[PDB]
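K.L.:
Structure file protein09.tsv (TSV, C-alpha atoms (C1' of nucleotides)) right here:
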```tsv
chain	number	residue	atom	x	y	z
A	79	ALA	CA	0.00	0.00	0.00
A	80	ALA	CA	2.72	2.42	-1.10
A	81	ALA	CA	1.43	3.24	-4.60
A	82	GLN	CA	-1.46	5.05	-2.88
A	83	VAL	CA	1.09	7.11	-0.96
A	84	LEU	CA	2.50	8.21	-4.32
A	85	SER	CA	-1.11	8.83	-5.36
A	86	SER	CA	-2.20	11.42	-2.81
A	87	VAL	CA	1.32	12.82	-2.39
A	88	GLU	CA	1.57	13.50	-6.14
A	89	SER	CA	-1.94	14.93	-5.88
A	90	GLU	CA	-0.47	17.32	-3.26
A	91	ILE	CA	3.21	17.44	-4.33
A	92	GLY	CA	4.22	21.08	-4.13
A	93	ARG	CA	5.27	21.47	-7.79
A	94	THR	CA	8.43	19.53	-6.96
A	95	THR	CA	10.63	19.55	-10.06
A	96	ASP	CA	13.61	17.69	-8.54
A	97	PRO	CA	13.84	14.09	-9.85
A	98	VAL	CA	15.74	13.12	-6.69
A	99	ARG	CA	12.54	13.23	-4.66
A	100	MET	CA	10.77	11.41	-7.49
A	101	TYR	CA	13.06	8.41	-7.82
A	102	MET	CA	13.84	8.17	-4.10
A	103	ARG	CA	10.14	8.32	-3.32
A	104	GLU	CA	9.47	5.65	-5.97
A	105	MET	CA	11.97	3.13	-4.62
A	106	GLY	CA	10.37	3.68	-1.20
A	107	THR	CA	7.49	1.55	-2.50
A	108	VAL	CA	9.36	-1.71	-2.98
A	109	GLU	CA	10.80	-3.09	0.25
A	110	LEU	CA	13.87	-5.16	1.13
A	111	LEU	CA	13.03	-8.84	0.65
A	112	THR	CA	15.61	-11.08	2.21
A	113	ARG	CA	17.07	-14.31	3.54
A	114	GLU	CA	15.22	-16.66	1.22
A	115	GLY	CA	13.55	-14.32	-1.27
A	116	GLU	CA	17.13	-13.87	-2.35
A	117	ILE	CA	17.45	-17.64	-2.44
A	118	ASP	CA	14.04	-17.99	-4.09
A	119	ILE	CA	14.82	-15.43	-6.78
A	120	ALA	CA	17.99	-17.45	-7.34
A	121	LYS	CA	16.01	-20.69	-7.48
A	122	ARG	CA	13.52	-19.36	-10.02
A	123	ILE	CA	16.31	-17.89	-12.13
A	124	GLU	CA	18.43	-21.04	-12.25
A	125	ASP	CA	15.26	-23.07	-12.85
A	126	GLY	CA	14.32	-21.08	-15.95
A	127	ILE	CA	17.92	-21.24	-17.13
A	128	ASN	CA	18.11	-25.02	-16.72
A	129	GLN	CA	14.84	-25.15	-18.69
A	130	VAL	CA	16.38	-23.19	-21.53
A	131	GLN	CA	18.97	-25.96	-21.19
A	132	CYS	CA	16.07	-28.32	-21.68
A	133	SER	CA	15.36	-26.10	-24.67
A	134	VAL	CA	18.85	-26.78	-26.04
A	135	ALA	CA	18.60	-30.47	-25.10
A	136	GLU	CA	15.43	-30.81	-27.20
A	137	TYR	CA	17.18	-29.46	-30.34
A	138	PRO	CA	19.27	-32.13	-32.19
A	139	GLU	CA	21.83	-30.00	-34.05
A	140	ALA	CA	22.72	-28.29	-30.75
A	141	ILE	CA	25.28	-31.08	-30.39
A	142	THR	CA	26.38	-30.66	-34.01
B	1	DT	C1'	112.68	116.83	-74.89
B	2	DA	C1'	112.75	112.10	-72.37
B	3	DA	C1'	112.74	107.76	-73.71
B	4	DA	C1'	111.91	104.17	-76.82
B	5	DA	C1'	112.78	102.77	-81.95
B	6	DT	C1'	116.08	102.17	-85.94
B	7	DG	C1'	120.23	101.11	-89.12
B	8	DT	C1'	126.02	98.00	-89.97
B	9	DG	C1'	126.33	93.68	-92.57
B	10	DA	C1'	129.37	89.85	-92.36
B	11	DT	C1'	129.22	85.46	-89.99
B	12	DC	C1'	127.29	81.85	-88.88
B	13	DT	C1'	123.41	77.22	-87.55
B	14	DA	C1'	119.37	73.53	-86.79
B	15	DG	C1'	116.52	71.30	-90.44
B	16	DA	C1'	115.13	70.20	-95.30
B	17	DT	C1'	116.49	67.74	-99.81
B	18	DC	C1'	116.12	63.93	-102.38
B	19	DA	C1'	115.85	58.88	-105.07
B	20	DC	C1'	115.54	54.28	-103.74
B	21	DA	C1'	116.11	49.64	-100.97
B	22	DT	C1'	114.24	47.11	-97.18
B	23	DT	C1'	110.78	46.28	-92.91
B	24	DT	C1'	106.72	45.55	-91.18
B	25	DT	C1'	102.92	45.22	-90.27
B	26	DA	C1'	99.15	45.65	-90.25
B	27	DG	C1'	94.44	44.56	-90.47
B	28	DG	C1'	92.08	41.56	-91.48
B	29	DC	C1'	91.19	37.14	-93.44
B	30	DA	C1'	91.52	31.73	-92.73
B	31	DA	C1'	91.85	28.97	-88.59
B	32	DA	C1'	93.94	25.75	-84.77
B	33	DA	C1'	93.03	24.78	-80.75
B	34	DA	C1'	91.25	25.74	-75.86
B	35	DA	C1'	87.91	26.98	-72.91
B	36	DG	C1'	83.23	27.70	-72.10
B	37	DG	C1'	78.51	25.67	-73.33
B	38	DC	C1'	76.32	21.03	-74.23
B	39	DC	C1'	76.05	16.39	-72.58
B	40	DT	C1'	77.91	11.99	-70.18
B	41	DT	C1'	80.29	8.95	-66.66
B	42	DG	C1'	81.91	7.27	-62.10
B	43	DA	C1'	81.83	7.83	-57.61
B	44	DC	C1'	80.00	9.43	-53.26
B	45	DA	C1'	76.71	11.15	-49.68
B	46	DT	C1'	72.67	11.51	-47.99
B	47	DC	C1'	69.13	10.71	-47.57
B	48	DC	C1'	63.36	9.57	-48.08
B	49	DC	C1'	60.65	5.85	-47.39
B	50	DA	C1'	58.93	2.86	-45.13
B	51	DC	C1'	59.13	-1.20	-43.01
B	52	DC	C1'	59.47	-3.10	-39.25
B	53	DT	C1'	59.55	-3.47	-33.60
B	54	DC	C1'	59.86	-4.26	-28.89
B	55	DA	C1'	58.38	-1.82	-24.11
B	56	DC	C1'	55.53	0.49	-22.09
B	57	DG	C1'	51.00	1.73	-21.82
B	58	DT	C1'	46.33	0.84	-21.72
B	59	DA	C1'	41.31	-1.44	-21.88
B	60	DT	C1'	39.11	-4.65	-19.17
B	61	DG	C1'	37.68	-8.31	-14.91
B	62	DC	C1'	36.79	-9.56	-9.93
B	63	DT	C1'	37.19	-8.75	-4.60
B	64	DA	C1'	31.62	-13.50	-0.95
B	65	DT	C1'	31.42	-11.27	7.60
B	66	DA	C1'	28.54	-7.44	6.86
B	67	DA	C1'	26.67	-2.87	5.81
B	68	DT	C1'	20.22	-0.76	2.63
B	69	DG	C1'	15.12	7.04	2.12
B	70	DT	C1'	18.86	13.00	0.54
B	71	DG	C1'	18.97	16.87	3.00
B	72	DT	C1'	23.72	19.84	4.37
B	73	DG	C1'	25.12	24.43	3.89
B	74	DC	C1'	23.62	28.09	0.87
B	75	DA	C1'	19.77	32.43	-0.19
B	76	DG	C1'	18.85	36.71	1.71
B	77	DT	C1'	14.12	38.24	1.16
B	78	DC	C1'	15.23	44.86	-4.50
B	79	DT	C1'	10.79	46.47	-6.87
B	80	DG	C1'	7.14	48.20	-9.74
B	81	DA	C1'	4.36	46.60	-13.83
B	82	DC	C1'	2.38	43.30	-16.52
B	83	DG	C1'	0.38	38.37	-17.82
B	84	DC	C1'	-1.80	34.65	-16.64
B	85	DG	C1'	-4.04	30.90	-13.72
B	86	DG	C1'	-6.56	30.27	-10.12
B	87	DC	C1'	-9.90	32.01	-6.97
B	88	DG	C1'	-14.58	33.53	-5.53
```
Give the structure from the file, written as structure tokens.

P.N.:
Amino acid sequence: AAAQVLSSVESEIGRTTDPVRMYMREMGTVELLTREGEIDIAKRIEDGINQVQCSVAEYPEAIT
DNA sequence: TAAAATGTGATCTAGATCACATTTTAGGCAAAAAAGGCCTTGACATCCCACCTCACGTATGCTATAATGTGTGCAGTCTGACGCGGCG
């Protein structure tokens, strides 16, 4: 529920031209996910990669 | 009338005469040969060119304890008029 902070704030942002406030306020939305979300991001990544390795394994001339 | 000009005439004195042989020497006409003008040759000297050429310099890659929302040193507020967007 951080996009709705951006919502009303931008509704009431005092004509703030500086992109620093913009970007820094935008990263405030996403939080710090840790300790296995790291490991789970890794798991999903290596899974999809090993399945593009299925995708090479399925192609015959890959060995050629 | 002072002072310069004018006759004595015999005894001389440096150059001209005068026909012909021999030099010379032009001057100017033909030219031999030498020294520029033309080219060549050998020998040198210095390269331009470029063709390479290794050392030093340079473009790029990872480093696994862990660490996770700026600010930050400034401005000193000039001011009167005119547009324009809210602001009722």

K.L.:
Would you write out, as a Markdown table, a table of all residues in chain B that have an atom no more than 12 Å from an atom of chain A, listing for each the closest atom pair and the distance in Å to one decimal, considering all atoms listed in the file and ordering rows by chain and rising residue number?

P.N.:
```
| residue | atom | partner | partner_atom | distance |
| --- | --- | --- | --- | --- |
| B:68 | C1' | A:110 | CA | 7.9 |
| B:69 | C1' | A:102 | CA | 6.5 |
| B:70 | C1' | A:98 | CA | 7.9 |
| B:71 | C1' | A:99 | CA | 10.6 |
```

K.L.:
Just give me the gap between atom CA of residue A:141 and atom CA of residue A:127 in Å, one decimal is fine.

P.N.:
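It comes out at 18.1 Å.
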
K.L.:
Could you state the separation of atom CA of residue A:81 and atom CA of residue A:121 in Å, given to one decimal place?

P.N.:
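Spanning atom CA of residue A:81 to atom CA of residue A:121 is a straight-line distance of 28.2 Å.
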
K.L.:
What is the atom CA of residue A:129 to atom CA of residue A:114 distance in Å?

P.N.:
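So the answer is 21.6 Å.
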